[PDB]
>>> print(open('upload-v9.cif').read())   # mmCIF, C-alpha atoms
data_protein
#
loop_
_atom_site.group_PDB
_atom_site.id
_atom_site.type_symbol
_atom_site.label_atom_id
_atom_site.label_comp_id
_atom_site.auth_asym_id
_atom_site.auth_seq_id
_atom_site.Cartn_x
_atom_site.Cartn_y
_atom_site.Cartn_z
ATOM 1 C CA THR A 1 0.000 0.000 0.000
ATOM 2 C CA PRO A 2 2.222 3.014 1.040
ATOM 3 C CA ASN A 3 4.272 4.804 -1.638
ATOM 4 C CA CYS A 4 7.268 5.817 0.389
ATOM 5 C CA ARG A 5 9.121 7.315 -2.686
ATOM 6 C CA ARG A 6 6.852 10.398 -2.339
ATOM 7 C CA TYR A 7 8.553 11.269 1.032
ATOM 8 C CA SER A 8 12.013 12.152 2.163
ATOM 9 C CA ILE A 9 13.957 9.676 4.352
ATOM 10 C CA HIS A 10 15.422 12.755 6.146
ATOM 11 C CA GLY A 11 12.266 14.327 7.556
ATOM 12 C CA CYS A 12 8.513 14.104 7.911
ATOM 13 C CA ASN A 13 6.119 17.074 8.344
ATOM 14 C CA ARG A 14 4.449 17.256 11.714
ATOM 15 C CA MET A 15 0.796 17.294 10.619
ATOM 16 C CA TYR A 16 -1.463 14.729 12.310
ATOM 17 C CA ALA A 17 -3.062 12.632 9.491
ATOM 18 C CA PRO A 18 -3.187 9.154 11.038
ATOM 19 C CA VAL A 19 -2.968 5.778 9.309
ATOM 20 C CA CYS A 20 -3.389 2.309 10.785
ATOM 21 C CA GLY A 21 -0.560 -0.090 9.994
ATOM 22 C CA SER A 22 -0.829 -3.882 9.453
ATOM 23 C CA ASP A 23 1.440 -4.012 12.526
ATOM 24 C CA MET A 24 -1.439 -2.795 14.759
ATOM 25 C CA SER A 25 0.184 0.603 15.340
ATOM 26 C CA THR A 26 -1.452 3.880 14.381
ATOM 27 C CA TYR A 27 1.178 6.060 12.617
ATOM 28 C CA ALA A 28 0.872 9.884 13.019
ATOM 29 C CA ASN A 29 1.091 10.187 9.250
ATOM 30 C CA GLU A 30 2.048 8.115 6.223
ATOM 31 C CA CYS A 31 5.508 9.631 6.091
ATOM 32 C CA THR A 32 6.084 8.358 9.674
ATOM 33 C CA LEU A 33 4.981 4.858 8.685
ATOM 34 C CA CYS A 34 7.471 5.036 5.832
ATOM 35 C CA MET A 35 10.246 5.973 8.281
ATOM 36 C CA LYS A 36 9.341 2.882 10.446
ATOM 37 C CA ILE A 37 9.515 0.699 7.321
ATOM 38 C CA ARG A 38 13.020 1.998 6.702
ATOM 39 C CA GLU A 39 14.154 1.874 10.435
ATOM 40 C CA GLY A 40 12.740 -1.632 11.126
ATOM 41 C CA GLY A 41 13.550 -3.203 7.727
ATOM 42 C CA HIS A 42 10.053 -4.722 7.189
ATOM 43 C CA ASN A 43 7.200 -3.585 4.954
ATOM 44 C CA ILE A 44 4.038 -2.464 6.706
ATOM 45 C CA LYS A 45 0.702 -2.094 4.957
ATOM 46 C CA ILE A 46 -1.968 0.423 5.632
ATOM 47 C CA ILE A 47 -5.098 -1.339 6.880
ATOM 48 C CA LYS A 48 -7.066 1.912 6.833
ATOM 49 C CA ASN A 49 -6.955 5.683 7.131
ATOM 50 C CA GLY A 50 -7.403 7.055 10.593
ATOM 51 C CA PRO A 51 -6.396 5.531 13.892
ATOM 52 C CA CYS A 52 -6.404 1.726 14.356
ATOM 53 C CA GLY A 53 -9.610 0.367 15.978
ATOM 54 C CA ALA A 54 -9.399 -1.593 19.272
ATOM 55 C CA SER A 55 -10.469 -5.318 18.765
ATOM 56 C CA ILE B 1 4.825 18.297 22.399
ATOM 57 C CA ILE B 2 7.380 15.898 23.936
ATOM 58 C CA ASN B 3 8.388 16.277 27.612
ATOM 59 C CA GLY B 4 6.561 19.541 28.028
ATOM 60 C CA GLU B 5 3.779 20.362 30.495
ATOM 61 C CA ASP B 6 0.302 21.960 30.548
ATOM 62 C CA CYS B 7 0.603 25.601 29.455
ATOM 63 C CA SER B 8 -0.910 27.877 32.004
ATOM 64 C CA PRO B 9 -4.556 28.275 30.811
ATOM 65 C CA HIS B 10 -4.776 30.919 28.009
ATOM 66 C CA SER B 11 -1.107 31.894 28.362
ATOM 67 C CA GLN B 12 -0.633 31.405 24.565
ATOM 68 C CA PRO B 13 -3.670 33.348 23.309
ATOM 69 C CA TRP B 14 -2.427 33.525 19.678
ATOM 70 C CA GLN B 15 -2.739 29.711 19.489
ATOM 71 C CA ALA B 16 -5.150 28.440 16.798
ATOM 72 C CA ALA B 17 -6.430 24.846 16.570
ATOM 73 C CA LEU B 18 -6.967 23.670 12.978
ATOM 74 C CA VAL B 19 -9.643 20.967 13.198
ATOM 75 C CA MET B 20 -11.749 18.927 10.706
ATOM 76 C CA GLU B 21 -14.023 15.962 11.446
ATOM 77 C CA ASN B 22 -13.630 16.980 15.160
ATOM 78 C CA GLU B 23 -9.857 15.934 14.902
ATOM 79 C CA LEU B 24 -6.979 18.431 15.270
ATOM 80 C CA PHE B 25 -4.442 18.085 12.371
ATOM 81 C CA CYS B 26 -2.339 21.228 12.842
ATOM 82 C CA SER B 27 -2.142 24.484 14.745
ATOM 83 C CA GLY B 28 -1.742 28.071 13.494
ATOM 84 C CA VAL B 29 -0.839 31.364 15.032
ATOM 85 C CA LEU B 30 -3.057 34.399 15.155
ATOM 86 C CA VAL B 31 -0.831 37.254 13.729
ATOM 87 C CA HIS B 32 -3.555 39.897 13.041
ATOM 88 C CA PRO B 33 -7.188 39.989 14.015
ATOM 89 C CA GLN B 34 -8.016 38.552 10.536
ATOM 90 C CA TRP B 35 -4.962 36.450 9.723
ATOM 91 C CA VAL B 36 -3.679 33.115 10.936
ATOM 92 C CA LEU B 37 -0.180 31.953 9.980
ATOM 93 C CA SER B 38 0.386 28.205 9.608
ATOM 94 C CA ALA B 39 2.649 25.671 7.845
ATOM 95 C CA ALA B 40 1.853 25.314 4.084
ATOM 96 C CA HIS B 41 1.571 21.539 4.550
ATOM 97 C CA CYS B 42 -1.552 22.140 6.721
ATOM 98 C CA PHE B 43 -3.300 23.635 3.661
ATOM 99 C CA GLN B 44 -7.020 22.998 3.245
ATOM 100 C CA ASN B 45 -9.666 24.482 0.899
ATOM 101 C CA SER B 46 -11.538 25.841 3.876
ATOM 102 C CA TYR B 47 -10.945 25.877 7.683
ATOM 103 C CA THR B 48 -12.654 25.632 11.044
ATOM 104 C CA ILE B 49 -10.267 27.271 13.551
ATOM 105 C CA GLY B 50 -10.611 27.231 17.328
ATOM 106 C CA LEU B 51 -9.421 30.350 19.096
ATOM 107 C CA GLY B 52 -9.037 30.911 22.847
ATOM 108 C CA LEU B 53 -8.906 27.189 23.626
ATOM 109 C CA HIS B 54 -7.154 25.236 26.341
ATOM 110 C CA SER B 55 -8.927 21.937 26.153
ATOM 111 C CA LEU B 56 -10.151 21.476 22.521
ATOM 112 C CA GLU B 57 -13.802 21.489 23.716
ATOM 113 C CA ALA B 58 -15.168 24.892 22.907
ATOM 114 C CA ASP B 59 -18.299 24.706 25.148
ATOM 115 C CA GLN B 60 -16.062 24.344 28.204
ATOM 116 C CA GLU B 61 -13.605 27.283 27.583
ATOM 117 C CA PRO B 62 -15.494 30.568 28.122
ATOM 118 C CA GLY B 63 -14.264 33.251 25.685
ATOM 119 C CA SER B 64 -13.364 30.695 23.015
ATOM 120 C CA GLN B 65 -14.492 31.020 19.424
ATOM 121 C CA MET B 66 -14.722 28.628 16.505
ATOM 122 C CA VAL B 67 -14.241 30.723 13.390
ATOM 123 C CA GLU B 68 -14.340 30.031 9.674
ATOM 124 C CA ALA B 69 -11.825 30.749 6.951
ATOM 125 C CA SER B 70 -12.257 30.237 3.230
ATOM 126 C CA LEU B 71 -9.123 31.926 1.919
ATOM 127 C CA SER B 72 -5.526 30.918 2.316
ATOM 128 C CA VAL B 73 -2.349 31.404 0.383
ATOM 129 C CA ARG B 74 0.697 29.165 0.563
ATOM 130 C CA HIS B 75 4.121 30.650 0.028
ATOM 131 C CA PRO B 76 4.769 30.518 -3.729
ATOM 132 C CA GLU B 77 7.981 28.501 -3.282
ATOM 133 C CA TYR B 78 6.543 26.024 -0.741
ATOM 134 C CA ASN B 79 7.987 22.549 -1.216
ATOM 135 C CA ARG B 80 10.613 23.752 -3.744
ATOM 136 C CA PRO B 81 12.953 22.351 -2.693
ATOM 137 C CA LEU B 82 11.420 19.550 -0.722
ATOM 138 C CA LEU B 83 10.035 20.702 2.748
ATOM 139 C CA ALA B 84 11.149 24.317 2.217
ATOM 140 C CA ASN B 85 9.257 27.565 2.564
ATOM 141 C CA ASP B 86 6.642 25.884 4.742
ATOM 142 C CA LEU B 87 4.293 28.763 5.534
ATOM 143 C CA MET B 88 0.909 29.957 4.600
ATOM 144 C CA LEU B 89 -1.451 32.759 5.598
ATOM 145 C CA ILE B 90 -5.102 32.044 6.308
ATOM 146 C CA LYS B 91 -7.504 34.952 6.058
ATOM 147 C CA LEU B 92 -10.392 34.569 8.478
ATOM 148 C CA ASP B 93 -13.890 35.313 7.014
ATOM 149 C CA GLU B 94 -14.357 37.876 9.813
ATOM 150 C CA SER B 95 -11.824 39.767 12.034
ATOM 151 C CA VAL B 96 -11.943 38.229 15.503
ATOM 152 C CA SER B 97 -12.576 40.414 18.530
ATOM 153 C CA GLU B 98 -9.451 40.209 20.630
ATOM 154 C CA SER B 99 -9.686 39.544 24.333
ATOM 155 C CA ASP B 100 -7.563 38.323 27.193
ATOM 156 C CA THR B 101 -7.750 34.810 25.749
ATOM 157 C CA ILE B 102 -7.554 35.561 22.008
ATOM 158 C CA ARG B 103 -4.913 37.977 20.669
ATOM 159 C CA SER B 104 -2.195 38.359 18.086
ATOM 160 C CA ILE B 105 1.526 38.015 18.425
ATOM 161 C CA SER B 106 4.226 39.982 16.602
ATOM 162 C CA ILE B 107 6.515 38.174 14.193
ATOM 163 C CA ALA B 108 10.233 38.513 14.687
ATOM 164 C CA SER B 109 12.140 40.405 11.941
ATOM 165 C CA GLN B 110 15.573 39.235 13.393
ATOM 166 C CA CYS B 111 16.880 35.786 12.543
ATOM 167 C CA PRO B 112 17.174 33.114 15.263
ATOM 168 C CA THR B 113 20.139 33.221 17.574
ATOM 169 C CA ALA B 114 21.922 29.992 18.382
ATOM 170 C CA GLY B 115 21.618 29.328 22.100
ATOM 171 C CA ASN B 116 18.367 31.233 22.610
ATOM 172 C CA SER B 117 15.753 29.399 24.700
ATOM 173 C CA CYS B 118 12.395 29.503 22.953
ATOM 174 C CA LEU B 119 8.913 28.295 23.795
ATOM 175 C CA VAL B 120 6.827 25.980 21.593
ATOM 176 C CA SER B 121 3.227 24.972 22.247
ATOM 177 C CA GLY B 122 0.639 22.640 20.764
ATOM 178 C CA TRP B 123 -1.822 19.775 21.078
ATOM 179 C CA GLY B 124 0.250 17.169 19.180
ATOM 180 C CA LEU B 125 1.417 13.800 20.426
ATOM 181 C CA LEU B 126 3.151 13.355 23.801
ATOM 182 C CA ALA B 127 6.257 11.235 24.539
ATOM 183 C CA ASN B 128 4.043 8.222 25.206
ATOM 184 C CA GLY B 129 2.224 8.597 21.860
ATOM 185 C CA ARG B 130 -1.096 9.659 23.540
ATOM 186 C CA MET B 131 -2.865 13.096 22.923
ATOM 187 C CA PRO B 132 -2.910 15.742 25.722
ATOM 188 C CA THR B 133 -6.172 17.101 27.139
ATOM 189 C CA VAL B 134 -4.943 20.699 27.175
ATOM 190 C CA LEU B 135 -2.435 22.799 25.315
ATOM 191 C CA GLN B 136 1.221 21.799 26.039
ATOM 192 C CA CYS B 137 4.268 24.085 26.425
ATOM 193 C CA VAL B 138 7.959 23.292 26.221
ATOM 194 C CA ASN B 139 11.256 25.136 25.964
ATOM 195 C CA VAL B 140 13.794 24.222 23.374
ATOM 196 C CA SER B 141 17.122 25.872 22.449
ATOM 197 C CA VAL B 142 18.056 27.069 18.953
ATOM 198 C CA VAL B 143 21.027 25.307 17.379
ATOM 199 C CA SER B 144 23.385 26.716 14.807
ATOM 200 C CA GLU B 145 22.822 26.462 11.029
ATOM 201 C CA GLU B 146 25.960 24.168 10.850
ATOM 202 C CA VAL B 147 24.219 21.713 13.168
ATOM 203 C CA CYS B 148 20.890 22.016 11.326
ATOM 204 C CA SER B 149 22.600 21.563 7.963
ATOM 205 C CA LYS B 150 24.646 18.490 8.995
ATOM 206 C CA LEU B 151 21.699 16.765 10.607
ATOM 207 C CA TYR B 152 19.265 17.431 7.722
ATOM 208 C CA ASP B 153 21.568 17.391 4.684
ATOM 209 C CA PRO B 154 20.588 17.639 1.822
ATOM 210 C CA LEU B 155 17.152 18.895 2.891
ATOM 211 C CA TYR B 156 18.414 21.954 4.876
ATOM 212 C CA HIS B 157 17.436 25.299 3.375
ATOM 213 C CA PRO B 158 17.692 28.922 4.782
ATOM 214 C CA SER B 159 13.865 29.014 5.189
ATOM 215 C CA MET B 160 14.407 26.482 8.062
ATOM 216 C CA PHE B 161 16.097 26.454 11.429
ATOM 217 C CA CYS B 162 16.637 23.842 14.077
ATOM 218 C CA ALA B 163 15.733 23.893 17.732
ATOM 219 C CA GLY B 164 15.991 21.316 20.505
ATOM 220 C CA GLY B 165 17.965 18.113 20.155
ATOM 221 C CA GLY B 166 18.902 18.161 23.842
ATOM 222 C CA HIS B 167 19.507 15.135 26.019
ATOM 223 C CA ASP B 168 16.244 16.112 27.823
ATOM 224 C CA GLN B 169 14.325 15.000 24.651
ATOM 225 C CA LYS B 170 12.232 18.164 24.521
ATOM 226 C CA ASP B 171 10.621 18.582 21.052
ATOM 227 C CA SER B 172 7.477 19.300 19.168
ATOM 228 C CA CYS B 173 5.803 16.331 17.460
ATOM 229 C CA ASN B 174 3.109 15.296 15.040
ATOM 230 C CA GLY B 175 -0.004 17.430 15.451
ATOM 231 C CA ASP B 176 2.179 20.403 16.457
ATOM 232 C CA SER B 177 2.699 21.483 12.792
ATOM 233 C CA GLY B 178 1.933 25.091 12.243
ATOM 234 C CA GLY B 179 2.117 26.157 15.874
ATOM 235 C CA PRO B 180 4.449 28.765 17.346
ATOM 236 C CA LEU B 181 8.035 28.877 18.414
ATOM 237 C CA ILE B 182 8.437 32.081 20.515
ATOM 238 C CA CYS B 183 11.842 33.601 21.239
ATOM 239 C CA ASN B 184 11.844 36.569 23.609
ATOM 240 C CA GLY B 185 8.183 37.273 23.055
ATOM 241 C CA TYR B 186 8.206 37.354 19.189
ATOM 242 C CA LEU B 187 7.025 34.649 16.880
ATOM 243 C CA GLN B 188 10.286 33.177 15.541
ATOM 244 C CA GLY B 189 9.176 29.977 13.898
ATOM 245 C CA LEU B 190 6.405 27.556 13.096
ATOM 246 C CA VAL B 191 6.603 23.855 13.782
ATOM 247 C CA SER B 192 7.395 22.275 10.392
ATOM 248 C CA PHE B 193 9.056 18.813 10.344
ATOM 249 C CA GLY B 194 11.377 16.375 12.090
ATOM 250 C CA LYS B 195 12.384 12.699 12.297
ATOM 251 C CA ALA B 196 10.631 9.615 13.682
ATOM 252 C CA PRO B 197 10.429 9.279 16.632
ATOM 253 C CA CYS B 198 10.143 12.793 17.923
ATOM 254 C CA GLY B 199 12.400 13.875 20.859
ATOM 255 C CA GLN B 200 15.448 11.834 19.770
ATOM 256 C CA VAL B 201 18.577 12.685 21.816
ATOM 257 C CA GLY B 202 20.818 14.829 19.611
ATOM 258 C CA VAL B 203 18.188 15.459 16.875
ATOM 259 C CA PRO B 204 16.524 18.931 16.822
ATOM 260 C CA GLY B 205 13.128 19.671 15.316
ATOM 261 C CA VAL B 206 12.801 21.883 12.256
ATOM 262 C CA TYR B 207 10.934 25.184 12.196
ATOM 263 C CA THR B 208 9.897 27.595 9.490
ATOM 264 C CA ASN B 209 12.393 30.464 9.586
ATOM 265 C CA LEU B 210 9.930 33.403 9.584
ATOM 266 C CA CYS B 211 12.638 36.109 9.534
ATOM 267 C CA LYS B 212 13.144 35.236 5.838
ATOM 268 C CA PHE B 213 9.482 35.962 5.047
ATOM 269 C CA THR B 214 8.866 39.416 6.554
ATOM 270 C CA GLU B 215 8.347 41.079 3.097
ATOM 271 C CA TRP B 216 6.070 38.368 1.825
ATOM 272 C CA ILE B 217 3.971 38.216 4.966
ATOM 273 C CA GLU B 218 3.564 42.065 5.086
ATOM 274 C CA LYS B 219 2.871 42.315 1.336
ATOM 275 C CA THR B 220 0.226 39.648 1.584
ATOM 276 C CA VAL B 221 -1.608 41.025 4.636
ATOM 277 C CA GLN B 222 -1.352 44.722 3.609
ATOM 278 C CA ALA B 223 -2.758 44.183 0.091
#
>>> encode(input="upload-v9.cif", output="structure tokens")
Amino acid sequence: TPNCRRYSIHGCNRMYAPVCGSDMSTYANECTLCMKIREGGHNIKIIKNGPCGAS
Amino acid sequence: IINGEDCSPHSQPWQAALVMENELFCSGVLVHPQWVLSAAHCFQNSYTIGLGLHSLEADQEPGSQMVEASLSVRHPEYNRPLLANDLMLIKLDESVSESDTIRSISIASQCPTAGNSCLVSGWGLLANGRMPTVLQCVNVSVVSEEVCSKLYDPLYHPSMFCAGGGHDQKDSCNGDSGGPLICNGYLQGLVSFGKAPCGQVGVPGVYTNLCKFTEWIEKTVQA
């Protein structure tokens, strides 16, 4: 799902536009998810826009 | 805001909450009774802006106002190069009546001084990743352009400056975009961007360097 090539690896803007990752974490924005992908070395999909639900 | 605390209630009366779908996405700063300054990445076709807030619930908060804005203009060089020139001016549909809890702040014409302690405020994410109930305040120190440039190469541009990066992990964070960085009582910066996570030891946040935009801001408001 996320197209990380549209962001810089060196910074992410600080707007709150949340996305819910397939890892069960809500990311503050898609750019931040993309940083996690790069930091952790594993792809993470976007389950939906907005925060993750509970269970 | 990371490792800050509750601002004293209404101590930052220029603070503007940019909200849609009852969810805060950015802040802005009231700079004239009819103009709100924010980051260009917070751009929307129209705005609902909360003034005089402490909690984000307007019906608690006596003196607060939710106001409308249809017109905004992003700096013409925003995002060229990437992340640069991150400012925009929102023109409110009506001039707000200023009060003790809603009023404007002057924009600095001097450029930031390395070593100055500055205040930043907002409703963005806390250290623990939760949202605060009320507006948060923290102090961060300006770092030199050589630090800013090394740490953000090749993205560093004179329209930006760096603050924070201390061992104390004080920073702004996501949701703080567009809000104020105040040095000696003047609006010096706007929260713009940083790295993930926020409040990394040694890594300052990046702020829109408003001293480079005095002419453009004045020409826009005065026309």
>>> atom_distance(input="upload-v9.cif", atom1="CA of residue 220 (chain B)", atom2="CA of residue 109 (chain B)")
15.8 Å
>>> residues_near_point(input="upload-v9.cif", point="(-14.5, 32.0, 8.4)", cutoff="6 Å", atoms="all atoms listed in the file", output="PyMOL selection string")
chain B and resi 67-70+92-93
>>> residues_around(input="upload-v9.cif", residues="residue 74 (chain B)", least_positions_apart="4", cutoff="8 Å", atoms="all atoms listed in the file", output="PyMOL selection string")
chain B and resi 40+43+78+86-89
>>> write_last_selection(input="upload-v9.cif", atoms="C-alpha atoms", output="JSON list (two decimals), in the frame of the given file")
[["chain", "number", "residue", "atom", "x", "y", "z"],
["B", 40, "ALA", "CA", 1.85, 25.31, 4.08],
["B", 43, "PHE", "CA", -3.30, 23.64, 3.66],
["B", 78, "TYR", "CA", 6.54, 26.02, -0.74],
["B", 86, "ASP", "CA", 6.64, 25.88, 4.74],
["B", 87, "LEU", "CA", 4.29, 28.76, 5.53],
["B", 88, "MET", "CA", 0.91, 29.96, 4.60],
["B", 89, "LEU", "CA", -1.45, 32.76, 5.60]]
>>> atom_distance(input="upload-v9.cif", atom1="CA of residue 18 (chain A)", atom2="CA of residue 35 (chain B)")
27.4 Å
>>> atom_distance(input="upload-v9.cif", atom1="CA of residue 57 (chain B)", atom2="CA of residue 32 (chain B)")
23.6 Å
>>> resolve_selection(input="upload-v9.cif", expression="the PyMOL selection byres ((chain A) within 10 of (chain B))", output="list in words")
residues 7, 8, 9, 10, 11, 12, 13, 14, 15, 16, 17, 18, 26, 27, 28, 29, 31, 32, 33, 34, 35, 36 and 39 of chain A
>>> axis_aligned_box(input="upload-v9.cif", around="region 28-47 of chain A", padding_each_side="6 Å", output="lines of an AutoDock Vina configuration file")
center_x = 4.5
center_y = 2.7
center_z = 9.0
size_x = 31.3
size_y = 26.9
size_z = 20.1
>>> residues_around(input="upload-v9.cif", residues="region 48-51 of chain B", least_positions_apart="5", cutoff="7 Å", atoms="all atoms listed in the file", output="MDAnalysis selection string")
chainID B and resid 15:20 64:69 102
>>> resolve_selection(input="upload-v9.cif", expression="the PyMOL selection byres ((chain A and resi 23) around 8)", output="PyMOL selection string")
chain A and resi 21-22+24-25+44-45
